[PDB]
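Since the structure comes first, as structure tokens, the remarks are kept for the end.
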Amino acid sequence: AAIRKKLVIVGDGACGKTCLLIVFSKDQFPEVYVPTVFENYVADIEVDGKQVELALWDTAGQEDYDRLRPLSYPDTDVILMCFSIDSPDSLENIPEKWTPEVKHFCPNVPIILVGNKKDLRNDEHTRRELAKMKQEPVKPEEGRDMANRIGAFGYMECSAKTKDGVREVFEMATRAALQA
Amino acid sequence: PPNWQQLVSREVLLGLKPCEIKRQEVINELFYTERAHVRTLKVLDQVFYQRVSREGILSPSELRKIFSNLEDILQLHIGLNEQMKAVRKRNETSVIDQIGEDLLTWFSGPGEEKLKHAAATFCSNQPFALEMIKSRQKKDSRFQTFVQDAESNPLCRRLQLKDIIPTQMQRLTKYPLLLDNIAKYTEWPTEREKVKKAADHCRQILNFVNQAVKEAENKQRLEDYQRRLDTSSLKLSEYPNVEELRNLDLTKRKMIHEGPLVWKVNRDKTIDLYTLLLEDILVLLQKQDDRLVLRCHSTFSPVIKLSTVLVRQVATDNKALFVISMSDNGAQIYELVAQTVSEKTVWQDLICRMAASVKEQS
């Protein structure tokens with residue numbers, strides 16, 4: 001038989017979860033139209049020579065329905081918790097809001113912190129809108145220090161505006177998911 | 001696969017500004033998504049509900065426990081979709097012109113009322129549906145045989161039964177995104193505002209379905225906590241308050257909110273409860289093996305009438321909530337700390353609001 005795993009991707013709303021599942025699955029950033037929707041979809045993937053069947057569950061739009069949202073979690077096998085590298089407000093929700101939940105509803109499910117939108121850690125605009133609020137983009141240490149703090153299985157950043165280091169996220173979640 | 005632009009003539013598109021194209025790209029999604037949904041719902045009906053029903057494996061209440069009103073909704077979407085097919089014919093072009101009226105029609109008004117009721121009954125049953133599948137699978141040669149074989153129909157797309165049931169909740173959830181995008185690329189004032197409202201009503205639908213689901217498992221959770229309760233250590237002889245207390249039956253109340261709290265009742269005596277704010281009382285249990293214990297140490301009772309409650313903020317600890325309980329005897333304070341501010345802020349608010357809801361039922 002084959003090895004099914006369920007990966008859920010939680011995290012604040014505004015930081016690109018759907019797409020990152022699109023980009024991972026089609027394996028190509030869509031230039032034409034980024035869908036608003038992504039369906040429970042089973043992605044074929046191999047890691048470490050094992051053949052895996054990663055079943056991918058978006059949670060986009062469940063951010064505000066706190067008793068809905070949990071329907072996504074049950075029987076999950078790895079979790080991509082994530083946050084926008086240009087939104088340090090998202091970063092601090094991680095220990096405040098998602099880790100507590102995920103560790104409740106999905107207990108002993110390995111987490112994978114993820115700095116999405118990495119490619120705006122150097123944007124002119126982005127620096128300078130955050131700089132109106134005293135804030136600044138997430139430094140890659142900050143990111144790791146969060147993932148070690150929240151008891152994650154690893155950290156990972158990746159480009160929003162393309163395909164970048166998006167495979168490497170899913171290879172790693174797939175590695176985690178394979179452990180017990 | 002394919003975007004909207006694949007279907008339109010090169011020349012048609014070149015008559016459209018680059019974001020009217022975008023709106024189209026979305027509206028197209030709204031529509032083709034709806035269909036996919038409707039397809040899944042059908043799988044559920046044809047692949048699963050219908051063949052097991054026929055097979056004989058499940059009884060007619062086990063059937064309903066698993067599948068519940070999958071019909072009512074299947075049909076709801078089926079019809080919501082032909083309503084969309086409709087909207088496509090309207091226009092000679094494949095440029096779906098103004099779509100606002102139609103979004104209010106499907107999502108506001110009496111469409112709202114249909115979707116939210118049918119949804120809530122479907123979506124909320126899931127917990128209880130999944131329990132059944134998981135159970136009746138360990139419990140039955142044939143039922144498990146059956147789900148397995150059914151899962152291998154390529155209509156499934158290699159999703160399992162349990163992976164397909166959560167979907168009604170899923171769609172509902174996306175409606176206010178799609179609308180918000182459509183609305184976002186909608187150049188025209190008077191019709192943008194329509195789309196913006198239709199989105200709003202897809203939210204109100206959500207909260208409803210959310211609040212449906214909360215109630216429905218909160219019922220089943222009191223049924224369980226009440227069963228794993230303990231009042232043996234309850235002092236027959238101290239305060240005649242206490243028949244109401246031995247005989248307390250969580251199960252007759254609506255549970256508004258719950259979770260684990262830390263009772264600082266002294267700097268040398270500080271407890272960790274598991275706390276139920278029910279409809280009319282607040283309850284202060286102690287987890288202990290499985291049994292949750294109803295007890296009252298140095299007396300402060302573990303139950304607190306919300307008619308007497310006043311909350312106050314503890315201006316040092318940012319996680320601590322001064323729950324006064326105002327009586328004719330004294331006024332007994334229950335200083336309570338949470339794990340994260342974010343919790344305290346909701347304890348504060350749900351308590352504060354119950355207090356005044358209850359007191360305003362004179």
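Please note that chains go A, B, ... in the order of the structure tokens, that every chain numbers its residues from 1, and that ligands are numbered from 1 in the order shown.
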### Which of chain A fall in helix (DSSP H, G or I), as an NGL selection string
:A and (17-27 or 69-72 or 88-105 or 118-120 or 124-133 or 140-149 or 166-177)
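For chain A, the residues having at least one atom no farther than 8 Å from chain B, when counting only C-alpha atoms, are residues 32, 33, 35, 36, 37, 40, 41, 42, 55, 60, 61, 62, 65, 66, 67, 68, 71, 72, 96 and 97 of chain A.
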Can you pull out the residues contacting segment 156-159 of chain A? Cut-off 8 Å, using only C-alpha atoms, and skip same-chain residues under 4 positions away; I want them as a short mmCIF file (atom, residue, chain, number, x, y, z; two decimals) with N, CA, C and O atoms, in the first residue's frame.
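Dumped to out-v7.cif:
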```
data_model
loop_
_atom_site.label_atom_id
_atom_site.label_comp_id
_atom_site.auth_asym_id
_atom_site.auth_seq_id
_atom_site.Cartn_x
_atom_site.Cartn_y
_atom_site.Cartn_z
N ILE A 112 6.08 23.19 11.50
CA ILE A 112 7.13 23.68 10.63
C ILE A 112 6.92 25.16 10.48
O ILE A 112 6.20 25.56 9.61
N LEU A 113 7.54 25.99 11.29
CA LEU A 113 7.37 27.43 11.08
C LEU A 113 7.75 27.82 9.66
O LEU A 113 8.59 27.19 9.07
N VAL A 114 7.13 28.84 9.10
CA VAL A 114 7.50 29.27 7.76
C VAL A 114 7.38 30.77 7.50
O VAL A 114 6.29 31.33 7.52
N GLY A 115 8.51 31.41 7.21
CA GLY A 115 8.53 32.80 6.82
C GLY A 115 8.11 32.81 5.39
O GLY A 115 8.90 32.46 4.52
N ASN A 116 6.84 33.13 5.13
CA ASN A 116 6.42 33.36 3.74
C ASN A 116 6.77 34.78 3.37
O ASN A 116 7.21 35.55 4.22
N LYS A 117 6.62 35.09 2.09
CA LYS A 117 6.81 36.46 1.62
C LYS A 117 8.24 36.99 1.84
O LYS A 117 8.48 38.21 1.76
N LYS A 118 9.17 36.04 2.02
CA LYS A 118 10.59 36.32 2.24
C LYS A 118 11.07 37.44 1.31
O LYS A 118 11.77 38.35 1.74
N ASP A 119 10.63 37.41 0.06
CA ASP A 119 11.10 38.31 -0.99
C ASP A 119 10.71 39.78 -0.81
O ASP A 119 10.98 40.58 -1.70
N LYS A 163 8.02 30.74 -6.97
CA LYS A 163 8.18 29.37 -6.59
C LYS A 163 9.26 29.15 -5.55
O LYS A 163 9.53 28.02 -5.21
N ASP A 164 9.87 30.19 -5.01
CA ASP A 164 11.17 29.98 -4.35
C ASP A 164 11.24 29.29 -3.00
O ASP A 164 10.66 29.75 -2.02
N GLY A 165 12.03 28.23 -2.94
CA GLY A 165 12.16 27.43 -1.75
C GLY A 165 10.82 27.00 -1.19
O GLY A 165 10.71 26.84 0.03
N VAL A 166 9.81 26.82 -2.07
CA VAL A 166 8.49 26.29 -1.72
C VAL A 166 8.52 24.77 -1.74
O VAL A 166 7.96 24.15 -0.88
N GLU A 168 11.03 23.12 -0.86
CA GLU A 168 11.84 22.70 0.26
C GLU A 168 10.98 22.68 1.55
O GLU A 168 11.19 21.83 2.41
N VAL A 169 9.99 23.56 1.65
CA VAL A 169 9.04 23.47 2.74
C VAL A 169 8.38 22.09 2.71
O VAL A 169 8.42 21.35 3.67
#
```
### Task
Extract, using only C-alpha atoms, all DNA, RNA and protein residues at most 12 Å from residue 56 of chain A, discarding same-chain residues fewer than 6 positions from it, and format them as a PyMOL selection string.
(chain A and resi 4-10+17-18+20-22+24-25+38-45+72-73+76-80+170+173-174) or (chain B and resi 158-159+163)
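For the pair atom CA of residue 283 of chain B and atom CA of residue 304 of chain B, the separation is 6.6 Å.
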### Task
Write out as a ChimeraX atom specification each polymer residue whose atoms come within 9 Å of segment 218-228 of chain B, counting only C-alpha atoms; drop sequence neighbours fewer than 3 positions from it.
/B:213-215,248-257,290-293
### Message
I'd like the contact shell of residue 201 of chain B - 8 Å cut-off, only C-alpha atoms, skipping same-chain residues fewer than 6 positions apart - returned as a ChimeraX atom specification.
### Response
/B:107-108,112
Please produce an output containing N, CA, C and O atoms for each residue in the selection, written as a PDB file, in the first residue's frame.
```pdb
ATOM      1  N   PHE B 107     -26.955  34.996  -1.858  1.00  0.00           N
ATOM      2  CA  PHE B 107     -26.345  35.027  -0.544  1.00  0.00           C
ATOM      3  C   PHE B 107     -27.069  35.913   0.480  1.00  0.00           C
ATOM      4  O   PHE B 107     -26.994  35.636   1.679  1.00  0.00           O
ATOM      5  N   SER B 108     -27.787  36.946   0.041  1.00  0.00           N
ATOM      6  CA  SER B 108     -28.534  37.784   0.971  1.00  0.00           C
ATOM      7  C   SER B 108     -29.937  37.250   1.057  1.00  0.00           C
ATOM      8  O   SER B 108     -30.267  36.230   0.450  1.00  0.00           O
ATOM      9  N   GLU B 112     -29.758  33.638   1.951  1.00  0.00           N
ATOM     10  CA  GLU B 112     -29.043  33.546   3.206  1.00  0.00           C
ATOM     11  C   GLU B 112     -29.745  32.513   4.062  1.00  0.00           C
ATOM     12  O   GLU B 112     -29.172  31.472   4.373  1.00  0.00           O
TER      13      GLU B 112
END
```
### Close residues, residue 92 of chain A itself excluded, 12 Å, only C-alpha atoms, min 5 positions apart in chain, as a ChimeraX atom specification
/A:11-12,82-85,87,97-99,138,142-143,145-147,149-150 /B:342
### Task
Write down as a PyMOL selection string the residues belonging to chain A that are assigned strand (DSSP E) by DSSP computed on the backbone.
chain A and resi 3-9+41-47+50-58+78-79+82-84+114-116
### Query
Out of B:282, B:229, B:41, B:296, which residue has the shortest atom-to-atom distance to residue 347 of chain B when counting only C-alpha atoms?
B:282
### Query
Out of A:129, A:75, A:123, A:89, which residue has the shortest atom-to-atom distance to residue 177 of chain A when counting only C-alpha atoms?
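That would be A:75, the residue with the smallest distance to residue 177 of chain A.
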